[PDB]
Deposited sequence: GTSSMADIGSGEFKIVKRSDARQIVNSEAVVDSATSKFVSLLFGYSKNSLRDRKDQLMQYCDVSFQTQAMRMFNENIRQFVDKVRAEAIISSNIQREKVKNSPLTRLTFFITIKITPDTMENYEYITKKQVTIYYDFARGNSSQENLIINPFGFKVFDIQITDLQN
């Protein structure tokens, strides 16, 4: 029930980034349910606050696509079962209320994870996140 590899970690992290930082007006309930599955119980509230902030700002007029745009660096946290991942993301924001414009935002992201379900079969769980805006 647990596969612990660099491949599985990176795939789970990419899906998590897409669910947390991305946004589409058409699938919000399913997006929240999937996101919840990637979060430890102790982190689910903060994930929900970030989810709700996307709703507030993008509403039914903007879509957002979030990609990991760098290599992922990793380090075991000393005297802890958690592992720290650090990487950059790019978020492409294109509003539906036009025809031809977009803007890109970039962030540096740190996540802490451990391994604990048709969504997250191997139990990858995020315990914390830290974000640095790059503009």
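- Several segments of the deposited sequence have no coordinates for C-alpha: 1-22, 139-146, 166, numbered from the first residue.
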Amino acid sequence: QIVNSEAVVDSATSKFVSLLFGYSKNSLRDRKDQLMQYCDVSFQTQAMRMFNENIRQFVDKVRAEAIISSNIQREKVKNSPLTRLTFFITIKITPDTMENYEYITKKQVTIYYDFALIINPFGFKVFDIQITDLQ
From here on, numbers count along this sequence of modelled residues.
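- Look at the C-alpha B-factors of 28-36 and of 52-60. On average they run higher in 52-60.
- For the segment pair 97-105 and 84-92, the entry gives 97-105 the higher mean B-factor, averaged over Cα atoms.
- Across the residues 111, 117, 12, 19, the deposited record lists the maximum Cα B factor for 117.
- Among all modelled residues in this chain, the alpha-carbon of residue 8 has a temperature factor (C-alpha) in the middle third.
- In the deposited entry, the Cα temperature factor of residue 79 sits in the top third of values across the chain's modelled residues.
- Among the modelled residues of its chain, residue 2 has a C-alpha B-factor that falls in the middle third, as given in the PDB entry.
- Residue 131 sits in the middle third of its chain by CA B factor, as recorded in the PDB entry.
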